Amino acid sequence: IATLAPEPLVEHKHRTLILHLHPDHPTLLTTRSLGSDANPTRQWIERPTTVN
Amino acid sequence: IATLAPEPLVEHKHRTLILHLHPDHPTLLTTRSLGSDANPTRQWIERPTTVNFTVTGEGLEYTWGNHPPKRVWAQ
Amino acid sequence: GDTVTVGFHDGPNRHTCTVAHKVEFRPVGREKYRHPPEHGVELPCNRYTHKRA
Amino acid sequence: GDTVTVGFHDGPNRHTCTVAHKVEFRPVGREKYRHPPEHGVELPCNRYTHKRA
Amino acid sequence: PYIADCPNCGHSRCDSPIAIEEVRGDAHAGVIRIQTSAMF
Amino acid sequence: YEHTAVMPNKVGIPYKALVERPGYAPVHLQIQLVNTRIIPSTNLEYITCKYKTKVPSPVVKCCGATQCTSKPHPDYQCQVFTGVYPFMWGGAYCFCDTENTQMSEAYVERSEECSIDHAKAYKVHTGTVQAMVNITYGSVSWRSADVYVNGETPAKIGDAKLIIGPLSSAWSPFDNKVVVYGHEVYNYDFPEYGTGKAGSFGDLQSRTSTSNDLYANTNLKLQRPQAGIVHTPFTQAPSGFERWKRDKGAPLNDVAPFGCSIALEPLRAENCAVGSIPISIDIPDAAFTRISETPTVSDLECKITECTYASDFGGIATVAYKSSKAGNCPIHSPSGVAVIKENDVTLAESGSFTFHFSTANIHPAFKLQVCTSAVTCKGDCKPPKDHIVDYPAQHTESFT
Amino acid sequence: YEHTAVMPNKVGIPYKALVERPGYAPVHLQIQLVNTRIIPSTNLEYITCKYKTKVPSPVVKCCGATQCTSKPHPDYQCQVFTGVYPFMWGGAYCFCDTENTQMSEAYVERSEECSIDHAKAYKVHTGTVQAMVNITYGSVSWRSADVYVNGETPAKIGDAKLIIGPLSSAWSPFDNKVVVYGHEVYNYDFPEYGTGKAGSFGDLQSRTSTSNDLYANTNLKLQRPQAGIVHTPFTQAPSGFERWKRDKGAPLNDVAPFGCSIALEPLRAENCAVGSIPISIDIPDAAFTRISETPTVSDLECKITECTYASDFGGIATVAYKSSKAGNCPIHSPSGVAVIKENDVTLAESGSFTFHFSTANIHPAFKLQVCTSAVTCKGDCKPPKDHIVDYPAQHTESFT
C-alpha cells in the first residue's frame, strides 16, 4: 500500500504548461519532451510551486 | 389611501410630446431626458396647461404626479 | 531512526539492548514520504514477510 | 508528526488504530518554534477548548 | 460507538472501533482534535 | 471559444451575439442586462430630522435667584429669569414680586419621526455595479443570475461561466455627497455633521437614530415668560428638515443623467444605460452542437419584403433557405446595423422562413450569418407613424 | 482669527502654532495628531478558509448499479464505482463479486475554523481618515477629541471648533484588492469570489461565514476504494488557505510605505505620516487674553548657549527678557527651522529664562515671537553622538 501525490492543476498556455502545483511531500517530478531531443527535467518538489 | 391625478392626454408630434393636461390639484410634473444630458424639468401644475417636451432619440420619461412614471420612444 | 533500540521486560528488570544503525523508509515511488499512508496506488515495493514457512 | 497513531488498552489486547496525517505546530508569532515554551508573550492563537458545554 | 475500517491497524487494515477520521492539526497550541469512531 | 464581446450598457433588450467557435456548430447568445443596479460604496454620516424642543419643566424659585448650569443635553439652552409673578391656578403663588425667579431650560432632541421620517446624508464613493442577467442561452434556454461588473468575476449559475466588465462608463449618478429621504434621493452638498446652520438643512445632526449625542444648531433662544405666568418662550427656527420637504430640490430619480432609477434599499441606481461593457463567456462545450449535425444552408438567397426603418422589430426579410439536412439554424447579423428578434430558425429541406428585425440605415446592407452561411440582406426601408411608447430594440444609430 | 494652518501629517509630536489675532494677546497652539487612523471604504467580498472534505457516507449496493446524481452541495463530487468486495467486520458482506457497487460522494464544506481562522478579501476604496487630536490648548490645557479630515467637519469637543484637511497625501497604503487575516493584512490581488483555482488562494470562497453557498474549486476527485474495503479515496489539493499561511507574502504592517500600522478592527491604517493637512481652528474668543494684560517683552535679547544640531530638544537659548508687567508669555518660532518644547514662559519683571528647542541648520537664524516681540536667536549648533531611539521632534530638514 503506497504513495500518491495530490493531483496537479493543469493550466493552458501557448505551447506551454503552467502548472500550479501543491504536493503533500517531496515529489520527484520529471518529463520527456518526446522529440529526439529528449530535454528531460527532474526536480523533487516539496514546496508548492508554479512551474513551466 | 392616497393621491392620484387625472390621466394625461398624450399627443404626438415630431420628437415632441404635446400634452394637453388638466389636473385636479397642483401636481408636480417632472421628466428625465435619458441622455447623459439629463435636462430635467419640474413644475407644479394646478392650472390646466398644454405643455411640450423635446423628446430625444433614445427616450424620455414622464411622471404625472404619483401616477407611475411613463416612458416614450421618440425616434 | 538514527539508531535501533530493542528490549523486552522479564518482569524484575527492563533488560534491553540498543545499537547504532542508519534507518530510513523511502516508499517506492517518486514521492519521498516519511511514512506509509492509508490510500494511494499499489506498486512493487520490497518488504519482508509475516510468515515462517 | 507525519502520522497520527491512536490506541487504548482494553486489557487483554493492545487494540490500537493509526492513520496518516500531516501535522505541524507553528506557534503564532514570527518565531518558528517546534514547541510551546513556559514563558514569553501571550498573543492571539487558535486553539481548541477543554470543555464540553 | 461507531466501528469503521482503520487503515494500518497494527498489522494492516482492521476494523477498529477507534477508527480515526478527521484529524485536525490545524490549530497552534500543540493540540489536535480527533474523532474516533468510538464514543467514549 | 471564450466569447469576448464589447456590449452596450442598456437594460431591457437582449444582445443576441453569436459564438463562432471554429470546428463545431455556432450558437447564439441572448444577453439581456435586465438590471444595472449599482450600490456604490457609502458611509452613513448623520441622520437628520426635525427637532423637538422637548422643554424640561422650568424651575420657579419664589424669593431669590437660581443659577443655571450648562447641562450636557444637545443644545442645552438655559437662561435664568427674574421679575415674574407666576399665575398658576390660584393667581400667583410666589409671594415676592421681583425676587420671584424663573429658570427656563430647553434642549433639542430627536423627534419620534427622526427614527422613521428622516433625511440621511452620505459620503458616496464608487463601489461595484450588478445585474440579474438573463440568458435564455442556445438550447439551454434559461439562466437568470445575479452578477458583478469587475472583469474577473464569474457566476456559474446555470451552466455558463460569464465575466463582465469593468464598464468604461464610470459616471456614478450619485455625487460625492448625497442626502437621502425615504425614497427620494438628493445629490446634495449637505454641510456636514457637527456644523449645520440653524434653519438650514441639518440643523439637527445625529450620527444615527440611536445616537444620543448630536449637533443641534437650532438657534434656540429662550425668552422670559410674560406678565407673571408660567410658560416657556422657546424662540427657534423650525427645522431645516421642515424646509427641505417643501422648499427642497428635485430627486435624482427625476433629475439624474444617463438614465437611472433609485431605491432606498441597498442604495442602488438601477438601469443606468450608458457606455459599453466588455463581456466574455465560457460556454459549456457540452451545449455546443458539432458542425456536422446542423444543416448547411448555403446556396440561399435573402431579401427584405417590408423593411420598417424603425425601433420595434418591423423589418422583415424572407430567406430562400437552401439546406442540406433539416433542423434548427441559429442566426445573427454580425454587423450591428440589424437587430433580430429570432435567435433561431427552424428549417425543412431548403424551404423559406421570414424573420423580424429593426435597423437604422435607409439601405440596410447587413450580413446575416445563418449558422455558418453569410448573406447580405440588402434593401430599403420605410419610416413609421406612431412613436409614443417605451424604449427601442434598435439602439444602433450611426451615419446613414 | 480662524487660524488656518498647513500642517505636516505626522503622529506623535505637537505642532505648537501661534494665534496672531490683531488686537488681543496671541495664544499658542499645541496640536498633536495622536493618531491617523484611516478606515477606507471597503466591501466584504468573500471569506476563505481551508476546506473540510466532510464526506457523506458512501452507498454500497451489493448486486447492481446505483446511479449517482449531482446534488447541489458545494463542489459535490460523486462517482459511482463497481468491482468491490467490501470487507466490513465480517470479511466482505455483499455476496456478488462484480455487481458489488460502491457510490462515493464528497462535497466541500467550510471548516469550523472558517468561522474564526479565516482569510478575508476586500475591494478597498479610499474612505475618510480620522484622529484623536489632543490639544492642550492655550490656558484651556486640554481636549482629546476624535475628528475627521474632510475640510468642512468641525468637532466641538472641549471649547474650540477645528476643521481639518482634506489632506493632500492620498496614498491609501491599502491597495484596491486586499486580503485580511486575523491581524496580518495583505494587499493581495485575490483572484475573485467564484473563481479561485484549486490549491491557489481562495480554493474555498464563501461570501461570509453564514453563507451556505460558496465556490469550492478544490479539484476534489474521488477514486475507487482498494481491494474490496470500505473507505473513500478523496484526492484533493490541501487548501490555498493552508498555503497562504506558510508560503505567503509579508504583511502590510511590515511592508507598507510612508509609515503605517494596521488592525483587524475598523480596517484602519494608523499613523500614516505623509504630507500635510490644511488645518483651521475657530478658538473661543473667551479663551483669548486681551493684549493690554500680557507683559510687553521688547528691548530684550536672545542667544543660544548650547545648541544641539539634533532631534531631541537639545537646543537651548537664554533670553534677556525685558518685560513691562510680569506673567506668562506664549512663545513660538514662526519659522519652521526651530521647534520649541515650551509653549509658554513665565516672566518676572524683565528677567531671563532659557527654553529648549531643536533645529536642522548649522546656523539657526530663526525668529522667536515672545508674545508679540520678535527676535533672531542666531547662533551655531553641535552634532550629537547617540542615535538609536524612536522618532524626532525636529522634522524640519531643508537646505542647510
# chains A, B, ... in the order shown; residues from 1 in each chain; ligands from 1
$ interface_residues --of "chain D" --to "chain C" --cutoff "8 Å" --atoms "only C-alpha atoms" --output "NGL selection string"
:D and (2-3 or 19-20)
$ residues_around --residues "residue 5 (chain A)" --least-positions-apart "6" --cutoff "8 Å" --atoms "only C-alpha atoms" --output "list in words"
residues 23, 24, 25 and 27 of chain A; 31 of chain C
$ write_last_selection --atoms "N, CA and C atoms" --output "PDB file, in the first residue's frame"
ATOM      1  N   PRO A  23       2.120  19.700  -3.508  1.00  0.00           N
ATOM      2  CA  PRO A  23       2.181  18.321  -3.026  1.00  0.00           C
ATOM      3  C   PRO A  23       1.958  18.175  -1.537  1.00  0.00           C
ATOM      4  N   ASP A  24       1.931  16.922  -1.098  1.00  0.00           N
ATOM      5  CA  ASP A  24       1.921  16.556   0.308  1.00  0.00           C
ATOM      6  C   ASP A  24       3.328  16.425   0.854  1.00  0.00           C
ATOM      7  N   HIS A  25       4.213  15.863   0.057  1.00  0.00           N
ATOM      8  CA  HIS A  25       5.555  15.502   0.464  1.00  0.00           C
ATOM      9  C   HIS A  25       6.490  15.764  -0.705  1.00  0.00           C
ATOM     10  N   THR A  27       8.090  15.369  -3.919  1.00  0.00           N
ATOM     11  CA  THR A  27       7.697  14.573  -5.068  1.00  0.00           C
ATOM     12  C   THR A  27       8.687  14.811  -6.193  1.00  0.00           C
TER      13      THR A  27
ATOM     14  N   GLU C  31       7.337   9.860  -4.812  1.00  0.00           N
ATOM     15  CA  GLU C  31       7.050  10.614  -3.601  1.00  0.00           C
ATOM     16  C   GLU C  31       7.982  10.163  -2.492  1.00  0.00           C
TER      17      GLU C  31
END
$ calpha_fit_and_write --fixed "chain C" --moving "chain D" --output "PDB file with N, CA, C and O atoms, in the first residue's frame"
ATOM      1  N   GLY D   1      15.095   6.113  12.039  1.00  0.00           N
ATOM      2  CA  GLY D   1      15.807   6.365  13.266  1.00  0.00           C
ATOM      3  C   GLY D   1      17.296   6.241  13.079  1.00  0.00           C
ATOM      4  O   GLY D   1      17.780   5.359  12.366  1.00  0.00           O
ATOM      5  N   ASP D   2      18.039   7.139  13.714  1.00  0.00           N
ATOM      6  CA  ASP D   2      19.489   7.059  13.664  1.00  0.00           C
ATOM      7  C   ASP D   2      19.999   5.755  14.253  1.00  0.00           C
ATOM      8  O   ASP D   2      21.042   5.249  13.832  1.00  0.00           O
ATOM      9  N   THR D   3      19.277   5.203  15.220  1.00  0.00           N
ATOM     10  CA  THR D   3      19.672   4.008  15.940  1.00  0.00           C
ATOM     11  C   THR D   3      18.592   2.944  15.831  1.00  0.00           C
ATOM     12  O   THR D   3      17.572   3.113  15.161  1.00  0.00           O
ATOM     13  N   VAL D   4      18.836   1.839  16.522  1.00  0.00           N
ATOM     14  CA  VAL D   4      17.824   0.831  16.792  1.00  0.00           C
ATOM     15  C   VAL D   4      17.995   0.408  18.235  1.00  0.00           C
ATOM     16  O   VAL D   4      19.118   0.253  18.723  1.00  0.00           O
ATOM     17  N   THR D   5      16.873   0.221  18.914  1.00  0.00           N
ATOM     18  CA  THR D   5      16.849   0.080  20.363  1.00  0.00           C
ATOM     19  C   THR D   5      15.784  -0.945  20.711  1.00  0.00           C
ATOM     20  O   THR D   5      14.590  -0.702  20.507  1.00  0.00           O
ATOM     21  N   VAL D   6      16.221  -2.085  21.236  1.00  0.00           N
ATOM     22  CA  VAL D   6      15.385  -3.262  21.414  1.00  0.00           C
ATOM     23  C   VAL D   6      15.309  -3.597  22.894  1.00  0.00           C
ATOM     24  O   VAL D   6      16.213  -3.282  23.670  1.00  0.00           O
ATOM     25  N   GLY D   7      14.216  -4.235  23.290  1.00  0.00           N
ATOM     26  CA  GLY D   7      14.140  -4.700  24.653  1.00  0.00           C
ATOM     27  C   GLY D   7      12.796  -5.244  25.061  1.00  0.00           C
ATOM     28  O   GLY D   7      11.755  -4.708  24.684  1.00  0.00           O
ATOM     29  N   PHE D   8      12.820  -6.319  25.833  1.00  0.00           N
ATOM     30  CA  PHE D   8      11.634  -6.869  26.459  1.00  0.00           C
ATOM     31  C   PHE D   8      11.617  -6.454  27.922  1.00  0.00           C
ATOM     32  O   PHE D   8      12.353  -5.563  28.342  1.00  0.00           O
ATOM     33  N   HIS D   9      10.717  -7.054  28.692  1.00  0.00           N
ATOM     34  CA  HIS D   9      10.697  -6.891  30.139  1.00  0.00           C
ATOM     35  C   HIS D   9      10.466  -8.270  30.728  1.00  0.00           C
ATOM     36  O   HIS D   9       9.361  -8.813  30.634  1.00  0.00           O
ATOM     37  N   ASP D  10      11.518  -8.845  31.310  1.00  0.00           N
ATOM     38  CA  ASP D  10      11.383 -10.121  32.000  1.00  0.00           C
ATOM     39  C   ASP D  10      10.351 -10.032  33.118  1.00  0.00           C
ATOM     40  O   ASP D  10       9.634 -11.005  33.377  1.00  0.00           O
ATOM     41  N   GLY D  11      10.265  -8.877  33.776  1.00  0.00           N
ATOM     42  CA  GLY D  11       9.364  -8.664  34.884  1.00  0.00           C
ATOM     43  C   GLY D  11      10.047  -8.111  36.119  1.00  0.00           C
ATOM     44  O   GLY D  11       9.534  -7.189  36.759  1.00  0.00           O
ATOM     45  N   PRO D  12      11.224  -8.640  36.478  1.00  0.00           N
ATOM     46  CA  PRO D  12      12.015  -7.980  37.523  1.00  0.00           C
ATOM     47  C   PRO D  12      12.886  -6.855  37.008  1.00  0.00           C
ATOM     48  O   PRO D  12      13.312  -6.014  37.809  1.00  0.00           O
ATOM     49  N   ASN D  13      13.164  -6.815  35.708  1.00  0.00           N
ATOM     50  CA  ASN D  13      14.146  -5.889  35.172  1.00  0.00           C
ATOM     51  C   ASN D  13      13.775  -5.511  33.747  1.00  0.00           C
ATOM     52  O   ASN D  13      13.098  -6.265  33.044  1.00  0.00           O
ATOM     53  N   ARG D  14      14.235  -4.332  33.330  1.00  0.00           N
ATOM     54  CA  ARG D  14      13.968  -3.879  31.972  1.00  0.00           C
ATOM     55  C   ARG D  14      14.741  -4.726  30.977  1.00  0.00           C
ATOM     56  O   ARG D  14      14.152  -5.413  30.142  1.00  0.00           O
ATOM     57  N   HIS D  15      16.070  -4.723  31.082  1.00  0.00           N
ATOM     58  CA  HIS D  15      16.894  -5.724  30.414  1.00  0.00           C
ATOM     59  C   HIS D  15      16.766  -5.628  28.891  1.00  0.00           C
ATOM     60  O   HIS D  15      16.300  -6.544  28.209  1.00  0.00           O
ATOM     61  N   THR D  16      17.188  -4.480  28.375  1.00  0.00           N
ATOM     62  CA  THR D  16      17.035  -4.095  26.982  1.00  0.00           C
ATOM     63  C   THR D  16      18.380  -4.185  26.269  1.00  0.00           C
ATOM     64  O   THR D  16      19.413  -4.481  26.871  1.00  0.00           O
ATOM     65  N   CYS D  17      18.359  -3.922  24.962  1.00  0.00           N
ATOM     66  CA  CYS D  17      19.587  -3.805  24.193  1.00  0.00           C
ATOM     67  C   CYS D  17      19.404  -2.861  23.023  1.00  0.00           C
ATOM     68  O   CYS D  17      18.363  -2.855  22.365  1.00  0.00           O
ATOM     69  N   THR D  18      20.459  -2.113  22.735  1.00  0.00           N
ATOM     70  CA  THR D  18      20.384  -0.980  21.837  1.00  0.00           C
ATOM     71  C   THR D  18      21.617  -0.978  20.952  1.00  0.00           C
ATOM     72  O   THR D  18      22.633  -1.593  21.276  1.00  0.00           O
ATOM     73  N   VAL D  19      21.514  -0.299  19.811  1.00  0.00           N
ATOM     74  CA  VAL D  19      22.541  -0.393  18.782  1.00  0.00           C
ATOM     75  C   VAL D  19      22.411   0.787  17.839  1.00  0.00           C
ATOM     76  O   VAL D  19      21.341   1.376  17.700  1.00  0.00           O
ATOM     77  N   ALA D  20      23.505   1.114  17.168  1.00  0.00           N
ATOM     78  CA  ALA D  20      23.501   2.077  16.085  1.00  0.00           C
ATOM     79  C   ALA D  20      23.141   1.399  14.776  1.00  0.00           C
ATOM     80  O   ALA D  20      23.640   0.312  14.470  1.00  0.00           O
ATOM     81  N   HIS D  21      22.280   2.051  14.004  1.00  0.00           N
ATOM     82  CA  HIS D  21      22.076   1.686  12.615  1.00  0.00           C
ATOM     83  C   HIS D  21      21.293   2.769  11.894  1.00  0.00           C
ATOM     84  O   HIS D  21      20.224   3.188  12.348  1.00  0.00           O
ATOM     85  N   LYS D  22      21.818   3.215  10.766  1.00  0.00           N
ATOM     86  CA  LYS D  22      21.135   4.206   9.952  1.00  0.00           C
ATOM     87  C   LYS D  22      19.890   3.579   9.350  1.00  0.00           C
ATOM     88  O   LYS D  22      19.981   2.605   8.601  1.00  0.00           O
ATOM     89  N   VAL D  23      18.733   4.138   9.681  1.00  0.00           N
ATOM     90  CA  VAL D  23      17.451   3.644   9.206  1.00  0.00           C
ATOM     91  C   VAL D  23      16.750   4.752   8.443  1.00  0.00           C
ATOM     92  O   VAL D  23      16.802   5.923   8.830  1.00  0.00           O
ATOM     93  N   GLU D  24      16.078   4.364   7.366  1.00  0.00           N
ATOM     94  CA  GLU D  24      15.156   5.236   6.663  1.00  0.00           C
ATOM     95  C   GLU D  24      14.039   4.388   6.095  1.00  0.00           C
ATOM     96  O   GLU D  24      14.139   3.162   6.025  1.00  0.00           O
ATOM     97  N   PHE D  25      12.967   5.058   5.688  1.00  0.00           N
ATOM     98  CA  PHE D  25      11.913   4.405   4.920  1.00  0.00           C
ATOM     99  C   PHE D  25      11.440   5.350   3.834  1.00  0.00           C
ATOM    100  O   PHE D  25      10.510   6.134   4.027  1.00  0.00           O
ATOM    101  N   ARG D  26      12.110   5.272   2.715  1.00  0.00           N
ATOM    102  CA  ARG D  26      11.533   5.701   1.469  1.00  0.00           C
ATOM    103  C   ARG D  26      10.492   4.677   1.045  1.00  0.00           C
ATOM    104  O   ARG D  26      10.782   3.476   1.046  1.00  0.00           O
ATOM    105  N   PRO D  27       9.262   5.085   0.749  1.00  0.00           N
ATOM    106  CA  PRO D  27       8.399   4.215  -0.040  1.00  0.00           C
ATOM    107  C   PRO D  27       8.826   4.228  -1.488  1.00  0.00           C
ATOM    108  O   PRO D  27       9.394   5.200  -1.988  1.00  0.00           O
ATOM    109  N   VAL D  28       8.539   3.130  -2.170  1.00  0.00           N
ATOM    110  CA  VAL D  28       8.810   3.073  -3.591  1.00  0.00           C
ATOM    111  C   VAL D  28       7.832   3.993  -4.295  1.00  0.00           C
ATOM    112  O   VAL D  28       6.613   3.903  -4.100  1.00  0.00           O
ATOM    113  N   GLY D  29       8.365   4.884  -5.101  1.00  0.00           N
ATOM    114  CA  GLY D  29       7.580   5.888  -5.785  1.00  0.00           C
ATOM    115  C   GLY D  29       8.375   7.167  -5.843  1.00  0.00           C
ATOM    116  O   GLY D  29       9.334   7.376  -5.104  1.00  0.00           O
ATOM    117  N   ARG D  30       7.961   8.045  -6.736  1.00  0.00           N
ATOM    118  CA  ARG D  30       8.598   9.339  -6.856  1.00  0.00           C
ATOM    119  C   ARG D  30       8.191  10.295  -5.741  1.00  0.00           C
ATOM    120  O   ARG D  30       8.657  11.439  -5.731  1.00  0.00           O
ATOM    121  N   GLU D  31       7.337   9.860  -4.811  1.00  0.00           N
ATOM    122  CA  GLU D  31       7.050  10.614  -3.601  1.00  0.00           C
ATOM    123  C   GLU D  31       7.981  10.163  -2.493  1.00  0.00           C
ATOM    124  O   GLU D  31       8.094   8.966  -2.219  1.00  0.00           O
ATOM    125  N   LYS D  32       8.623  11.124  -1.846  1.00  0.00           N
ATOM    126  CA  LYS D  32       9.515  10.855  -0.730  1.00  0.00           C
ATOM    127  C   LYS D  32       8.774  11.133   0.573  1.00  0.00           C
ATOM    128  O   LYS D  32       9.002  12.122   1.263  1.00  0.00           O
ATOM    129  N   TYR D  33       7.866  10.223   0.907  1.00  0.00           N
ATOM    130  CA  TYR D  33       7.182  10.310   2.182  1.00  0.00           C
ATOM    131  C   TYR D  33       8.153  10.034   3.322  1.00  0.00           C
ATOM    132  O   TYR D  33       9.347   9.790   3.126  1.00  0.00           O
ATOM    133  N   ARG D  34       7.611  10.088   4.533  1.00  0.00           N
ATOM    134  CA  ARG D  34       8.268   9.600   5.728  1.00  0.00           C
ATOM    135  C   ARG D  34       7.540   8.413   6.332  1.00  0.00           C
ATOM    136  O   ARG D  34       7.980   7.895   7.363  1.00  0.00           O
ATOM    137  N   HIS D  35       6.442   7.967   5.727  1.00  0.00           N
ATOM    138  CA  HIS D  35       5.550   7.030   6.390  1.00  0.00           C
ATOM    139  C   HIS D  35       4.519   6.498   5.401  1.00  0.00           C
ATOM    140  O   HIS D  35       4.121   7.237   4.493  1.00  0.00           O
ATOM    141  N   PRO D  36       4.049   5.257   5.520  1.00  0.00           N
ATOM    142  CA  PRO D  36       3.072   4.756   4.555  1.00  0.00           C
ATOM    143  C   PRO D  36       1.685   5.304   4.840  1.00  0.00           C
ATOM    144  O   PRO D  36       1.264   5.334   6.003  1.00  0.00           O
ATOM    145  N   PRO D  37       0.937   5.730   3.824  1.00  0.00           N
ATOM    146  CA  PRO D  37      -0.424   6.214   4.056  1.00  0.00           C
ATOM    147  C   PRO D  37      -1.436   5.078   4.098  1.00  0.00           C
ATOM    148  O   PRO D  37      -1.097   3.902   4.030  1.00  0.00           O
ATOM    149  N   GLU D  38      -2.703   5.467   4.212  1.00  0.00           N
ATOM    150  CA  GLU D  38      -3.820   4.538   4.164  1.00  0.00           C
ATOM    151  C   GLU D  38      -4.279   4.235   2.750  1.00  0.00           C
ATOM    152  O   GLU D  38      -4.908   3.195   2.526  1.00  0.00           O
ATOM    153  N   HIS D  39      -3.981   5.118   1.804  1.00  0.00           N
ATOM    154  CA  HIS D  39      -4.517   5.035   0.458  1.00  0.00           C
ATOM    155  C   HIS D  39      -3.393   5.267  -0.532  1.00  0.00           C
ATOM    156  O   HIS D  39      -2.220   5.282  -0.151  1.00  0.00           O
ATOM    157  N   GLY D  40      -3.746   5.442  -1.793  1.00  0.00           N
ATOM    158  CA  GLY D  40      -2.784   5.586  -2.865  1.00  0.00           C
ATOM    159  C   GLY D  40      -2.663   4.313  -3.670  1.00  0.00           C
ATOM    160  O   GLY D  40      -3.257   3.274  -3.374  1.00  0.00           O
ATOM    161  N   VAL D  41      -1.856   4.422  -4.720  1.00  0.00           N
ATOM    162  CA  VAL D  41      -1.666   3.315  -5.640  1.00  0.00           C
ATOM    163  C   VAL D  41      -0.786   2.257  -4.990  1.00  0.00           C
ATOM    164  O   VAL D  41       0.021   2.550  -4.103  1.00  0.00           O
ATOM    165  N   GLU D  42      -0.954   1.015  -5.427  1.00  0.00           N
ATOM    166  CA  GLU D  42      -0.052  -0.069  -5.077  1.00  0.00           C
ATOM    167  C   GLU D  42       0.958  -0.265  -6.192  1.00  0.00           C
ATOM    168  O   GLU D  42       0.620  -0.165  -7.375  1.00  0.00           O
ATOM    169  N   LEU D  43       2.195  -0.547  -5.812  1.00  0.00           N
ATOM    170  CA  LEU D  43       3.269  -0.707  -6.778  1.00  0.00           C
ATOM    171  C   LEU D  43       4.399  -1.475  -6.106  1.00  0.00           C
ATOM    172  O   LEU D  43       4.449  -1.562  -4.874  1.00  0.00           O
ATOM    173  N   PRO D  44       5.320  -2.033  -6.880  1.00  0.00           N
ATOM    174  CA  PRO D  44       6.146  -3.137  -6.383  1.00  0.00           C
ATOM    175  C   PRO D  44       7.229  -2.743  -5.397  1.00  0.00           C
ATOM    176  O   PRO D  44       8.345  -2.396  -5.794  1.00  0.00           O
ATOM    177  N   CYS D  45       6.897  -2.756  -4.114  1.00  0.00           N
ATOM    178  CA  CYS D  45       7.882  -2.475  -3.085  1.00  0.00           C
ATOM    179  C   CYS D  45       8.664  -3.727  -2.711  1.00  0.00           C
ATOM    180  O   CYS D  45       8.351  -4.847  -3.120  1.00  0.00           O
ATOM    181  N   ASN D  46       9.702  -3.508  -1.912  1.00  0.00           N
ATOM    182  CA  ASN D  46      10.484  -4.560  -1.294  1.00  0.00           C
ATOM    183  C   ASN D  46      10.182  -4.582   0.192  1.00  0.00           C
ATOM    184  O   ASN D  46      10.102  -3.531   0.834  1.00  0.00           O
ATOM    185  N   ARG D  47      10.016  -5.780   0.732  1.00  0.00           N
ATOM    186  CA  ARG D  47       9.390  -5.930   2.032  1.00  0.00           C
ATOM    187  C   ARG D  47       9.584  -7.364   2.485  1.00  0.00           C
ATOM    188  O   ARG D  47       9.788  -8.265   1.668  1.00  0.00           O
ATOM    189  N   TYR D  48       9.525  -7.562   3.793  1.00  0.00           N
ATOM    190  CA  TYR D  48       9.667  -8.870   4.400  1.00  0.00           C
ATOM    191  C   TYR D  48       8.310  -9.457   4.757  1.00  0.00           C
ATOM    192  O   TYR D  48       7.318  -8.745   4.924  1.00  0.00           O
ATOM    193  N   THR D  49       8.285 -10.775   4.878  1.00  0.00           N
ATOM    194  CA  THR D  49       7.038 -11.495   5.043  1.00  0.00           C
ATOM    195  C   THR D  49       6.587 -11.475   6.492  1.00  0.00           C
ATOM    196  O   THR D  49       7.336 -11.135   7.405  1.00  0.00           O
ATOM    197  N   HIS D  50       5.338 -11.861   6.693  1.00  0.00           N
ATOM    198  CA  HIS D  50       4.858 -12.154   8.028  1.00  0.00           C
ATOM    199  C   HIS D  50       5.286 -13.531   8.498  1.00  0.00           C
ATOM    200  O   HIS D  50       5.346 -13.771   9.708  1.00  0.00           O
ATOM    201  N   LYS D  51       5.600 -14.431   7.574  1.00  0.00           N
ATOM    202  CA  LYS D  51       5.476 -15.852   7.833  1.00  0.00           C
ATOM    203  C   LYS D  51       6.818 -16.495   8.155  1.00  0.00           C
ATOM    204  O   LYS D  51       7.874 -15.860   8.163  1.00  0.00           O
ATOM    205  N   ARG D  52       6.745 -17.791   8.433  1.00  0.00           N
ATOM    206  CA  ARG D  52       7.857 -18.632   8.833  1.00  0.00           C
ATOM    207  C   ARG D  52       8.163 -19.736   7.836  1.00  0.00           C
ATOM    208  O   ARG D  52       9.317 -20.156   7.737  1.00  0.00           O
ATOM    209  N   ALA D  53       7.158 -20.211   7.094  1.00  0.00           N
ATOM    210  CA  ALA D  53       7.309 -21.345   6.183  1.00  0.00           C
ATOM    211  C   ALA D  53       8.169 -20.866   5.023  1.00  0.00           C
ATOM    212  O   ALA D  53       7.690 -20.541   3.933  1.00  0.00           O
TER     213      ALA D  53
END
$ select_by_dssp --residues "chain C" --states "strand (DSSP E)" --output "PyMOL selection string"
chain C and resi 3-7+16-20
$ residues_around --residues "residue 25 (chain B)" --least-positions-apart "3" --cutoff "8 Å" --atoms "only C-alpha atoms" --output "CSV table (one decimal) with N, CA, C and O atoms, in the first residue's frame"
chain,number,residue,atom,x,y,z
B,5,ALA,N,-53.6,61.8,-9.8
B,5,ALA,CA,-54.0,62.9,-10.7
B,5,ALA,C,-54.6,62.3,-12.0
B,5,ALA,O,-54.1,61.3,-12.5
B,45,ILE,N,-48.2,71.9,-11.4
B,45,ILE,CA,-49.3,72.2,-12.4
B,45,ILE,C,-50.6,72.1,-11.6
B,45,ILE,O,-51.0,70.9,-11.2
B,46,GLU,N,-51.3,73.2,-11.4
B,46,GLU,CA,-52.6,73.2,-10.9
B,46,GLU,C,-53.6,73.8,-12.0
B,46,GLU,O,-54.7,73.3,-12.1
$ atom_distance --atom1 "CA of residue 279 (chain G)" --atom2 "CA of residue 125 (chain F)"
23.7 Å
$ residues_around --residues "residue 134 (chain F)" --least-positions-apart "4" --cutoff "7 Å" --atoms "only C-alpha atoms" --output "NGL selection string"
:F and (31-34 or 143-145)
$ residues_around --residues "region 11-25 of chain E" --least-positions-apart "4" --cutoff "6 Å" --atoms "only C-alpha atoms" --output "PyMOL selection string"
(chain D and resi 23) or (chain E and resi 2-7+32-38) or (chain G and resi 89)
$ write_last_selection --atoms "C-alpha atoms" --output "CSV table (one decimal), in the first residue's frame"
chain,number,residue,atom,x,y,z
D,23,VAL,CA,0.9,17.5,11.5
E,2,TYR,CA,-19.2,3.5,15.8
E,3,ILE,CA,-16.8,1.0,14.2
E,4,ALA,CA,-15.0,1.5,10.9
E,5,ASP,CA,-12.0,0.4,9.0
E,6,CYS,CA,-8.7,1.5,10.5
E,7,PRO,CA,-6.1,1.8,7.7
E,32,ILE,CA,-5.1,18.1,17.8
E,33,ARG,CA,-8.8,17.4,17.8
E,34,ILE,CA,-9.5,13.8,16.7
E,35,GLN,CA,-12.6,11.8,16.1
E,36,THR,CA,-12.6,8.1,16.9
E,37,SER,CA,-15.5,6.2,15.6
E,38,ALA,CA,-15.7,5.1,19.2
G,89,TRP,CA,-16.2,-6.5,10.1
